[PDB]
Amino acid sequence: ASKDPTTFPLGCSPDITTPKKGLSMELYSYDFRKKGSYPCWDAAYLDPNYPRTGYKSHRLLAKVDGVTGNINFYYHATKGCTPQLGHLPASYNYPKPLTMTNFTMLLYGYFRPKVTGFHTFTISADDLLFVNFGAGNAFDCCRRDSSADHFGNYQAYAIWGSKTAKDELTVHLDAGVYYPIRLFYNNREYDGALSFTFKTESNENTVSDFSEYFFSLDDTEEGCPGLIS
Ligand SMILES: CC(=O)N[C@@H]1[C@@H](O[C@@H]2O[C@H](CO)[C@H](O)[C@H](O)[C@H]2O)[C@@H](O)[C@@H](CO)O[C@H]1O
Ligand SMILES: [Ca+2]
Ligand code: NA
Ligand code: NA
Ligand code: NA
Ligand code: NA
Ligand code: NA
């Protein structure tokens with residue numbers, strides 16, 4: 039698939055193996071600058087290659103499976119320029135404290151729609167959430183191994199304090215097809231927040247609980263390109 043973001047993204051058709059519930063998550067540290075710097079937070083999170091290669095230089099905290107449910111959070115800090123502990127919601131399947139003021143997080147896997155039609159995803163973040171969506175744009179169907187670092191221009195992005203603090207992505211999707219998805223998050227300092235929800239043209243319900251929507255698929259030899267059309 040093309041890497042470019044599109045309104046009609048390509049999806050994937052898994053084989054016999056049952057998709058596993060939830061997304062994969064990786065957590066990385068994101069240190070402050072040395073005492074007395076102005077500002078105190080590291081600006082690395084906005085380097086253009088930070089979401090591709092830069093984050094990998096940071097200390098790996100965790101890699102977990104099975105992230106699903108409601109993945110939204112709001113972490114309230116009490117002090118600027120200070121690492122403070124907190125916990126992710128239970129949905130993240132990570133039962134240890136981390137520096138919720140300052141960390142990087144990567145989620146990847148597949149989104150399976152329940153209805154065929156236009157979906158509008160709405161995102162917000164403190165500090166940053168970058169979203170790739172579709173085969174190629176995120177990664178290749180059951181070939182994430184060979185394509186994970188080759189994602190394309192973001193389908194949506196949100197940066198706290200910017201002219202784009204919230205964003206939307208509208209895409210036409212087919213029910214029961216599995217669409218590659220990559221979420222890249224950072225908190226630089228202080229409060230952190232992530233909101234990821236959607237609506238469809240089918241009804242006026244907002245979906246915030248991804249239990250029946252987020253899945254993981256094993257990579258395979260020849261891939262699992264979408265077979266529908
Ligand atoms: C703009 C700014 O620097 N605000 C300071 C606070 O830090 C920011 O807080 C926002 C949320 O309001 C966001 O989380 C951002 O990442 C942070 O940089 C904080 O340092 C506060 C300490 O009391 O001072 C504000 O001025
Ligand atoms: Ca913040
Ligand atoms: Na097979
Ligand atoms: Na740190
Ligand atoms: Na990694
Ligand atoms: Na909007
Ligand atoms: Na409702």
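Residue numbers (PDB author numbering): 39 to 267. Note that the Cβ used here is the ideal one computed from N, Cα and C, for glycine as well.
Under the three-state reduction of DSSP output, residue 176 falls in the coil class, being neither helix nor strand. For residue 220, the enclosing beta strand (DSSP E) begins and ends at 217–225. Taking each of 236, 63, 256 in turn and checking the Cα distance to residue 247, the smallest one comes out for 236.
Annotated as proximal: residue 79 and residue 227, with beta-carbon spacing under 8 angstroms. For the 8 angstroms CB-CB criterion, residue 162 and residue 201 do not form a contact. With a cutoff of 8 angstroms on beta-carbon distance, residue 257 and residue 181 are scored as near each other. Residue 186 places its beta carbon 8 angstroms or farther from that of residue 169. In the three-state reduction of the DSSP assignment, residue 181 falls in the strand class, which pools E and B.
Note on geometry: alpha-carbon atoms of residue 103 and residue 109 lie some 14 angstroms from one another. In this structure, the C-beta of residue 225 approaches ligand 2 to less than 7 angstroms from one of its heavy atoms.
In the DSSP annotation of this structure, the continuous segment of the beta strand (DSSP E) that includes residue 164 starts and ends at 155–164.
By the neighbour-count definition (other C-beta atoms within 10 Å, threshold 16), residue 114 is an exposed residue. Chain order is used for the residues whose beta-carbon lies nearer than 5 angstroms to a heavy atom of ligand 4, namely 67, 69. For residue 228, the shortest separation between its Cβ and any heavy atom of ligand 1 lies below 7 angstroms. Residue nearest to residue 224 within the set 120, 164, 53, 70 is 164 (criterion: CA-CA distance). For residue 206, same chain residues with a beta-carbon under 7 angstroms away, outside a window of 5 residues either side, are 158, 159, 160, 194 in chain order. Per the coordinates, the alpha-carbon of residue 44 lies some 11 angstroms from the alpha-carbon of residue 211.
Secondary structure at residue 237: strand, using DSSP grouped into helix, strand and coil. Straight-line measurement puts the Cα of residue 156 at about 18 angstroms from the Cα of residue 250. When the Cα atoms are used, residue 60 and residue 215 turn out to be separated by approximately 15 angstroms. The segment 170–179 makes no contact with the segment 91–98, as fewer than three CB pairs between them are under 8 angstroms. Given a length threshold of 4 residues, the segment 105–153 has no whole run of the alpha helix (DSSP H) inside it.
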